[PDB]
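One structure is given below, encoded as structure tokens.
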Amino acid sequence: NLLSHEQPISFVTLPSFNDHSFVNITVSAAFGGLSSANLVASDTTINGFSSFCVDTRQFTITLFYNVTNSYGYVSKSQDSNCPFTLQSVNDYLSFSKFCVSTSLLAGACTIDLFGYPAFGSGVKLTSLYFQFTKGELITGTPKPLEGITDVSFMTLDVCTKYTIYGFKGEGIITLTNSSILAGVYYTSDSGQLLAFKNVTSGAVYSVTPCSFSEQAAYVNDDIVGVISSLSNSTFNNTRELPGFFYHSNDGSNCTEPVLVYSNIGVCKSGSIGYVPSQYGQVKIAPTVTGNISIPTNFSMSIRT
Amino acid sequence: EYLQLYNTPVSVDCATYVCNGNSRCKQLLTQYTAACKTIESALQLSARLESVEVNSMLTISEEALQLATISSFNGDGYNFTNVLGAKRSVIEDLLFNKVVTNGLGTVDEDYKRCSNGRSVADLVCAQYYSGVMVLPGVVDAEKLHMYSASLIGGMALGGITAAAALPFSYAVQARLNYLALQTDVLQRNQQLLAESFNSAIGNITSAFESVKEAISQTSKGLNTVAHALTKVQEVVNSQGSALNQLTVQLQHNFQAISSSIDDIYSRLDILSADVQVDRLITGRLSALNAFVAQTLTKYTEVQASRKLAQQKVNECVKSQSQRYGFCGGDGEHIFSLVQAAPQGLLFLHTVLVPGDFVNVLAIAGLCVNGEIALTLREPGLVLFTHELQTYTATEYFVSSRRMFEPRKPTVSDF
Amino acid sequence: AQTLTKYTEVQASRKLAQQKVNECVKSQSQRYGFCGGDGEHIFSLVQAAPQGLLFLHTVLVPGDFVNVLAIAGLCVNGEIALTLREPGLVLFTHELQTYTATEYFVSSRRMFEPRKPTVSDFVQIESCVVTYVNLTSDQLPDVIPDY
Amino acid sequence: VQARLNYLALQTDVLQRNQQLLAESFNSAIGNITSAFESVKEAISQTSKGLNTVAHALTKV
Amino acid sequence: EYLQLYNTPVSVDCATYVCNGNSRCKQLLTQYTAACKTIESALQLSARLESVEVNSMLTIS
Amino acid sequence: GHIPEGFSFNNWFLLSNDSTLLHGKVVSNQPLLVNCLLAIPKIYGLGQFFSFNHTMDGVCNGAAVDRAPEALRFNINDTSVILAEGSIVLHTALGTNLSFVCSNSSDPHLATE
Ligand SMILES: *[C@H]1O[C@H](CO)[C@@H](O[C@@H]2O[C@H](CO)[C@@H](O[C@@H]3O[C@H](CO[C@H]4O[C@H](CO)[C@@H](O)[C@H](O)[C@@H]4O)[C@@H](O)[C@H](O[C@H]4O[C@H](CO)[C@@H](O)[C@H](O)[C@@H]4O[C@H]4O[C@H](CO)[C@@H](O)[C@H](O)[C@@H]4O)[C@@H]3O)[C@H](O)[C@H]2NC(C)=O)[C@H](O)[C@H]1NC(C)=O
């Protein structure tokens, strides 16, 4: 599939309006010294306080650095003891609660923020402690995203990079008229999303991967045809068979298969056909009084 | 007896299984040199070997198959109606319906249904999105039926000028002659044989539709139809086992922060995301190596059944066995029919069991004039008199030891 | 576990190779297809191969068949019924279109190797049966030279 | 080979070269298995790939 | 020649192996759907098949 | 305290804080042992206090069992019944009460469907 730079984003979540608050974090530090660069008077705030906890159903984390290095610039980096990074929290993650503080919260992960004011050993500017719970209601976001009855967006029938009730992947979303009466999402034993509801309307949508697996018939150093779930492919002829499609450059039938499996035969030209059962030589039942036949001129054969 | 001929082959696209089509994960997977080659070619080169073995032992004969399939088979007293069929037989339809109704994967599923999401994907497409394909069964139930009829009709093929089917009371008389040369032929014993077989095939066809409220422990042993139905259902249920355990190992997380690769690459930094995706790659390659080891031993378990099935077709069905118990345990063998069964053949070894024994004085030989000692030439024949209470007697007979077929001695036997 | 299961996988091939040596190479097999599938066996050669044996089972296969009317036995004078002793032999005539014929032969059922019948090939069974040829002691020596 | 033919059927009609059509049919078989041990899959047909033949023996080796 | 007829069967009480009779682990173990069914029945159904296949060939006269 | 065999299960769902099972057998820890089934006609609502430390009151079908619930299941067919201010209040152990309220506005401090 040839959508690498093109592919639409999709986001589906439990029905919401535009209910947004920024968690904006200010990190401040001062530096001095003439024989080396070193740190003084660091402070951290989230929305002007030492701690914050999210209540609105969307949020954006933004970092403001307000570093006053006399040597002209500072490079900045992050360490995560955490299943996210500050810019990745914005990339449609979902939570049941989310609180951030400059001081250690009960279950918390750490993001530690570092500056390098003169290159070599860095210095810790600030530590952010995040307490969160994997869930469905509160979702991270890049910018306040508009809507009245729902905030969700989809593109159907096109390979999309999706977040759907916290599952992520690339896939095709299609509407199905296979209505289901309980829950919000349906998963395989593979842990992979198969379908989900637009719970405001009861409609159920199904998710496929956007590259399917195929068997390529390779003969004489080229792919002469391909066996597939798909109706369309690069070869200029397609044939339909009871379990699958066969794509090739030659729609004829096959009388000289160079590959067989079961009763499916693929010819050198890339034709497909059905190959008949081998016929064994006749053996004669012992019989008493009929018109019988007795084996006469015998050749010799070596079976290896 | 049920003998499995084949195992339903399975194939994997290792990049789809390990990486869910994520490009950055495929780029890491190529660093595990030949891990994919050594999984894929082990499944493909084994699925090919099954295809050439099973399609090469299922040699049909066209001039034998035309004597069974048309139901123009001259049973001449024997009721072959349950065995032949016009498409499958009565026993073949009961045997599939007793097991393939609760079964799966013995009817070939279509992948055309699963590029389009207009219906919510079921188990056999949730596997296909996980990159694992069950191939069409190595031979279809129509080729497997034609083979079975080509063996039943092969018994009526007395000669290649095949204008009508040979009356089966003649093919059974020739099969009795290899046990003992039949002599008292103007007796009811050919009808005793026929009406006994008519009752015996009536009683196998009833067991393919009866229930365990009518089973007793001797009817559950090593060569009877309830043991064959336990063995058929063990095959049909077992075929999912390795393929389910392959698929659930995709929801293990192998110490990574999540069980999905686009989740990890969309939440960690790209340096640390590669480090956690290596534990999913290593774990999922191990889950495939464990599945290839299960799958290759499940082909090897079948191949010793196939080799035995081919021996029973050549020694019990196409010819007749002098080996005492090979075709259906204790008794004198005369023929085995074959029928198609879910992933193999069902053999109906028709063995002669004696209701009665005669007791006779056996005589080693004749010491004529105290001078010339006559002995029978053949160790299969016994020289006897009916008069047990004396060393010499009214009149003498020769018969086989295997069946009581008396005749007067001839100067050519001694 | 992998190494011991591979020794067990090979032992079951070696047990077959010892059977094929003893029943195809050292002797001859009456077991129909054991030595190299459908045909009549005459000998298997053996050659050494990388980790085992390559068996060259030299079978006999018929190019042609002869079609002959088989006779169950002779019902002489309507009184004494003769049947061939051996289930591997067939008594026959080339004259398919008639219930009785010019001259009679015996052969194996497995190869067409004809000979005239001999008085030592036949046994007098207790009763005659409707499938047997109706014949007389005045012409039984047309069937059995040296009767 | 004559003694090994007798176990199948006692031989009789020895006139008109009856052994030479066996011997020359073996020469032309052993001179064909020796070609499959040095030829290549460009000269394979699906009946020449079966359960009792030299291409299956080589695949198994 | 010695030929083995039978393998001494073994059975497992899956909850007792996994949980030692701790009540609150049994509760957790039920969430691994059919994990004990697919261990218990594989051992019991195979122990039963040995019982019939051996006691059916050891026919005394 | 068991639900009778042959009951329809008309709107009783097996609970998940996760994915939903489309078909098949499962063994799970569910609020399916019943202490009482307080049936109210659809033409009445009710106001009661249900305590997770006391036995539920009001006349109820079959035999009443004296246990304090661990779950309360409300089997309301038309969701017009559940949207009003104070329609559910949940009394948390910390002495905080959490009240479900619904509005026709996206701002909660204050039309047919
Ligand atoms: C979806 O995921 C959720 C997450 O909530 C899950 O919730 C879990 O539900 C279970 C019940 O199914 C709750 O489990 C209980 O745990 C308590 C103890 O935990 C306490 O302490 C921790 C502090 O470390 C607190 O955070 C927590 O709130 C609790 O205070 C046990 O007390 C409960 O056991 C009782 O019931 C058991 C049977 O279910 C009995 O075996 C046990 O003895 C207890 O019985 C009591 O009641 C009896 C009534 O007769 C009485 O007779 C006994 O004497 C006794 O009083 C139970 O194990 C667990 O809390 C929830 N998880 C969380 C986050 O709390 C949902 O169930 C889950 N949904 C599904 C279907 O998957």
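Residue numbers (the entry's author numbering), protein chains in the order written: chain G, 488 to 791; chain H, 792 to 877, 890 to 1217; chain V, 1096 to 1242; chain R, 975 to 1035; chain S, 792 to 852; chain Y, 245 to 354, 363 to 365.
Note that beta-carbon positions come from the ideal geometry of N, C-alpha and C, so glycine has one too.
For G:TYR616, there are no neighbours in chain H by C-beta distance under 9 Å, as the nearest C-beta there is about 18 Å away. In the three-state reduction of the DSSP assignment, H:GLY1173 falls in the coil class, being assigned neither a helical nor a strand state. Near chain V, meaning a CB-to-CB distance below 9 Å, the residues of the region 980-991 of chain R are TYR981, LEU982, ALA983, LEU984, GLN985, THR986 and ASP987. Neighbours of S:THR821 in chain Y, taken as residues at a C-beta separation under 8 Å, are given in chain order as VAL271, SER272 and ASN273. Annotation: G:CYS540 is outside any alpha helix (DSSP H); the continuous beta strand (DSSP E) that includes it extends over 538-540. Under the Cβ criterion (8 Å, minimum of three pairs), the region 673-687 of chain G counts as touching the region 1045-1062 of chain H.
V:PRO1236 sits in a helix when the DSSP states are folded into three classes. By the rule that beta-carbons nearer than 8 Å mark a contact, Y:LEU338 does not touch chain G. The set of residues with a C-beta under 5 Å from any non-hydrogen atom of ligand 1 comprises Y:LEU259 and Y:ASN261, given in chain order. The three-state reading of DSSP puts V:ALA1143 in strand, counting E and B together.
The beta carbon of G:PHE640 sits closer than 7 Å to the beta carbons of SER497 and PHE498 from its chain, once the five residues preceding and following it are set aside; these are given in chain order.
Remark: C-beta atoms of H:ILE894 and H:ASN873 approach each other more closely than 8 Å. Between H:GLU1198 and V:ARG1126, the C-beta spacing is not below 8 Å. Chain R has a Cβ within less than 8 Å of the Cβ of V:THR1153.
By the criterion of at least three beta-carbon pairs nearer than 8 Å, the region 741-756 of chain G is not in contact with the region 947-962 of chain H. Near chain Y, meaning a CB-to-CB distance below 9 Å, the residues of the region 807-837 of chain S are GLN818, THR821, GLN822, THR824 and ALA825. The residue among V:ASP1133, V:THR1153, V:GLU1135 and V:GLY1134 with its C-alpha nearest the C-alpha of V:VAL1141 is V:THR1153. Here G:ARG726 carries a strand assignment [DSSP, helix/strand/coil]. The criterion of a C-beta distance shorter than 8 Å is satisfied by H:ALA806 and H:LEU820. Contact between the region 1153-1168 of chain V and the region 962-972 of chain H is established, with three or more Cβ pairs separated by less than 8 Å. Residue state for G:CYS586 is assigned as strand, using DSSP reduced to three classes. Those residues of the region 993-1025 of chain H placed with their C-beta closer than 9 Å to a C-beta in chain G do not exist. In this structure, the alpha-carbon of H:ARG1210 lies about 15 Å from that of V:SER1215. Residue-level contact check: V:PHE1207 does not touch chain H, since none of the beta carbons of chain H fall below 8 Å from its beta carbon.
For V:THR1100, the three-state secondary structure derived from DSSP is helix. In the DSSP assignment, G:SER567 falls within the unbroken beta strand (DSSP E) covering 562-567. Distance check between H:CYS1170 and each of H:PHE1217, H:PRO1157 and H:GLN1146 places H:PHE1217 closest, using alpha-carbon atoms only. The beta carbon of H:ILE1004 lies closer than 6 Å to those of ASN873 in the same chain, with the five residues before and after it left out. Annotation: Cβ neighbours of Y:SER350 in chain G (cutoff 9 Å, chain order): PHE504, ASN505, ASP506 and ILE635. Looking only at G:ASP542, G:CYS754, G:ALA669 and G:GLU727, the smallest Cα-Cα distance to Y:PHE253 is reached by G:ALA669. Spanning the alpha carbons of G:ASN556 and G:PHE606 requires a straight line of approximately 13 Å. Residues of the region 751-777 of chain G whose Cβ lies closer than 9 Å to any Cβ of chain V, in chain order: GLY767, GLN768, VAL769, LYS770, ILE771, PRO773, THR774, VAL775, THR776 and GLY777. Put simply, the CB of H:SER1122 is far from chain R, with every gap to its CB atoms at 8 Å or more. Residue contact check for H:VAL843 against chain R: a CB pair falls below 8 Å. Given a length threshold of 4 residues, the region 671-716 of chain G has no whole run of the alpha helix (DSSP H) inside it. A distance below 6 Å between beta-carbons, with the five flanking residues on each side excluded, links V:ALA1112 to the following residues of its chain, in chain order: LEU1148.
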